[PDB]
Amino acid sequence: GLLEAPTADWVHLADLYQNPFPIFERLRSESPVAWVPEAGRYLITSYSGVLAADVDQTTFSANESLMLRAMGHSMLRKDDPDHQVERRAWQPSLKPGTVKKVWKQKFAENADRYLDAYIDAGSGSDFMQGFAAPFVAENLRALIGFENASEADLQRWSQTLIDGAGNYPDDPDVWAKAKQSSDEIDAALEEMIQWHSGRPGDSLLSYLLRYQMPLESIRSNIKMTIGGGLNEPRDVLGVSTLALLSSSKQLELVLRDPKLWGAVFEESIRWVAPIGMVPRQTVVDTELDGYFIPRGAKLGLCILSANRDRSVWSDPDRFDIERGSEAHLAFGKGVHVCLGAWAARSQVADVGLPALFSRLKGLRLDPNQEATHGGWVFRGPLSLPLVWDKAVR
Ligand SMILES: C=CC1=C(C)c2cc3[nH]c(cc4nc(cc5[nH]c(cc1n2)c(C)c5C=C)C(C)=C4CCC(=O)O)c(CCC(=O)O)c3C
Ligand SMILES: [Fe+3]
């Protein structure tokens, strides 16, 4: 019949943070549904289990938590019907057609500005802070419609809200910083709401103010967008750059056919999912992968692991754009499927990466400053020093 989910008390949060992949290989192999005491959750680690849970909101609710105190209650932590009405108000500025016609040009302007600043910083400098983070910050600033905020504001808001949402230790300074970001955003939105009402434009705020979303939901959804829309594309820029500078075969494929930049982006998010775990809570007794799960159980859907599942892709631990990345779960699959996916892909594959690789000649990793990495709930390079011989634009 149904199996009992084992307790995997050998799984420690510190080890998941430092290197999660060998932990998840063991879990997929021995126990794809497992109770992890330190996490306070059953971790779901197979492709099958994550996918099943993600597509069935009636059984596996998005509405459980720390997210509420950090950010308020956004559409991400609602189920339908309330989710769908908010999501639809959020769609217009992020459709693929609007990204192509309106945003790509703005991204390309921002790539020039930030690549020039990285060039000034000089060979040897960290790419993560030196280019990736301010580029995607200024892009997000434009997408949303924040005329009265700087890219730096956006970077600080993003990290502090994320940190508030994972404040299990209940650090009081962590809560104080997320609260202050929340207040600043509230103030900034007050002024931007007046500005954008009545005023043609293609920013998220412009479309939104033309169903009238209540103010508390505007604030919560904006905070969620900031938390979801900056660190994630920044991380993909780091992963993709590292992967191509680590394999001359992979980089040659791309230079021989630059149409493959899209495939680089899709393979990066399969290989290292930027959002590695998403939470659900069960509403009824259920099962995943033949394991019983009790009503009210809190689950962590480990996308990071699902995208390494050896029954779905051959040699999944390798970065390989020819094998490809068909049906990866990095943007999810149910009714919450990433609204930003087209904006992310354009920023990174269509603009940022080609600009980087065409402007910095002899681009290479630093043999004397090895890249560093961390995270499992969210994962990417913490630092990525690059060197180059000469720089264009
Ligand atoms: C590589 C970059 C990105 C990744 C991997 C990403 C991943 C996700 N984004 C999600 C939701 C979301 N992402 C969102 C805005 C953005 N997301 C963005 C970039 C990324 N977002 C950008 C950029 C955004 C805005 C500009 C929003 C608004 C949602 C919430 C959608 C909903 O609840 O309907 C979800 C939740 C899926 C689920 O099934 O629970 C994932 C996993
Ligand atoms: Fe997203």
Side-chain angles (χ1 to χ4, degrees), residues 44 50-57 60-64 67 71 73-95 98-99 103 107 132 135-146 154 158 162 203-205 208 217 220-240 262 264-280 299-304 306-307 325 328-349 352-353 377-380:
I44 315 308
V50 171
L51 179 61
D54 192 74
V55 63
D56 177 5
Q57 66 183 318
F60 304 93
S61 172
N63 191 356
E64 299 188 333
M67 259 279 194
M71 303 204 190
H73 203 168
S74 82
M75 74 185 74
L76 182 56
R77 301 291 185 248
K78 298 188 179 183
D79 301 317
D80 291 338
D82 290 356
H83 154 83
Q84 170 181 293
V85 316
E86 302 183 24
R87 170 185 178 103
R88 290 176 174 187
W90 226 244
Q91 177 71 83
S93 68
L94 304 165
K95 298 185 311 280
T98 309
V99 170
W103 305 120
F107 301 162
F135 168 69
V136 307
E138 181 69 14
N139 294 335
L140 186 60
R141 184 198 169 250
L143 289 162
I144 293 176
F146 263 129
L154 268 77
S158 185
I162 285 162
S203 83
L204 189 139
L205 286 177
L208 183 69
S217 289
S220 308
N221 288 136
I222 286 295
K223 295 156 189 182
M224 176 270 296
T225 303
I226 293 160
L230 198 162
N231 288 28
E232 293 82 351
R234 173 198 72 190
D235 289 348
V236 180
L237 282 157
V239 172
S240 295
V264 173
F265 175 93
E266 302 291 317
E267 182 59 356
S268 299
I269 67 185
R270 188 204 59 78
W271 189 58
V272 189
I275 299 181
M277 182 280 282
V278 299
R280 296 296 184 267
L299 312 186
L301 306 193
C302 291
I303 294 177
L304 192 66
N307 279 355
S325 62
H328 72 72
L329 311 181
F331 287 126
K333 287 296 169 188
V335 303
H336 297 278
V337 59
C338 181
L339 269 174
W342 310 107
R345 293 160 165 147
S346 178
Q347 281 177 259
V348 178
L353 297 167
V377 179
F378 301 104
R379 188 168 183 85

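Numbers for residues simply follow the sequence, beginning at 1. Each ligand, and each atom within it, is numbered from 1 in the order the structure gives.
Nearest residue to atom 38 (C) of ligand 1 from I303, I222, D54, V236 is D54 (criterion: closest heavy atom). Remark: among candidates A53, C338, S74, the nearest residue to atom 6 (C) of ligand 1 is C338, based on non-hydrogen atoms. Checking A343, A341, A330 against atom 5 (C) of ligand 1, the nearest heavy atom belongs to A330. For atom 18 (C) of ligand 1, the candidate residues are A344, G227, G228; the nearest heavy-atom contact is made by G228. Comparing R234, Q347, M224 by heavy-atom distance to atom 28 (C) of ligand 1, the nearest is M224.
If you look at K78 next to ligand 1, there are no close heavy atoms at all, none under 4.0 Å. Residue contacts with ligand 1, taken as heavy atom pairs separated by less than 4.0 Å, involve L140 solely via side-chain atoms from C-beta onward. Using a 4.0 Å cut-off between heavy atoms, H336 contacts ligand 1 through both its backbone and its side chain.
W103 contributes a side-chain N or O that, together with a main-chain N or O of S93, makes up a donor-acceptor pair within less than 3.5 Å. Counting only distance, with no hydrogens or angles, the side chain of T225 and the backbone of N221 share a donor-acceptor pair below 3.5 Å. Between the side chain of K95 and the backbone N or O of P92 there is at least one donor-acceptor pair closer than 3.5 Å. Proximity of a side-chain donor or acceptor of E64 to a complementary backbone N or O of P279 within less than 3.5 Å is not detected. Remark: the backbone N or O of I269 is paired with a side-chain donor or acceptor of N307 at under 3.5 angstrom. The backbone N or O of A132 sits nowhere less than 3.5 Å from a side-chain atom of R234 that would complete a donor-acceptor pair. Counting only distance, with no hydrogens or angles, the side chain of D54 and the backbone of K333 share a donor-acceptor pair below 3.5 Å. Side-chain atoms of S346 do not come within 3.5 Å of backbone N or O of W342 as any donor-acceptor pair.
Inclusion of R280 in the set of residues having an N or O under 3.5 Å from an N or O of ligand 1 is warranted.
Within the 4.0 Å heavy-atom cutoff, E86 does not count among the residues contacting ligand 1. At least one heavy atom of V335 sits less than 4.0 Å from an atom of ligand 1.
Nearest protein heavy-atom contact of atom 15 (C) of ligand 1 is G340 N, 3.7 Å. Nearest protein heavy-atom neighbour of atom 32 (C) of ligand 1: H83 CE1, 3.4 Å. For atom 3 (C) of ligand 1, the closest heavy atom belonging to the protein is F331 CE2, 3.7 Å.
For ligand 1 and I275, the ligand atoms under 4.0 Å from any heavy atom of the residue are 6 (C), 7 (C), 8 (C), 41 (C). The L76 neighbourhood of ligand 1 comprises atoms 33 (O), with distances under 4.0 Å to a heavy atom of that residue. In summary, the atoms of ligand 1 found under 4.0 Å from a heavy atom of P274, numbered by their order in the structure, are 5 (C). With ligand atoms numbered from 1 in the order given, ligand 1 contributes 22 (C), 23 (C), 24 (C) to contacts under 4.0 Å with heavy atoms of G229.
A side chain to side chain contact (heavy atoms under 4.5 Å, CB included) with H73 is found for exactly one of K78, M224, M67, namely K78.
Two residues are said to be in side-chain contact when any heavy atoms from C-beta on lie closer than 4.5 Å; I226 and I144 meet this criterion.
Considering all non-hydrogen atoms of both residues, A343 and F107 come closest at O-CE1, 3.9 Å.
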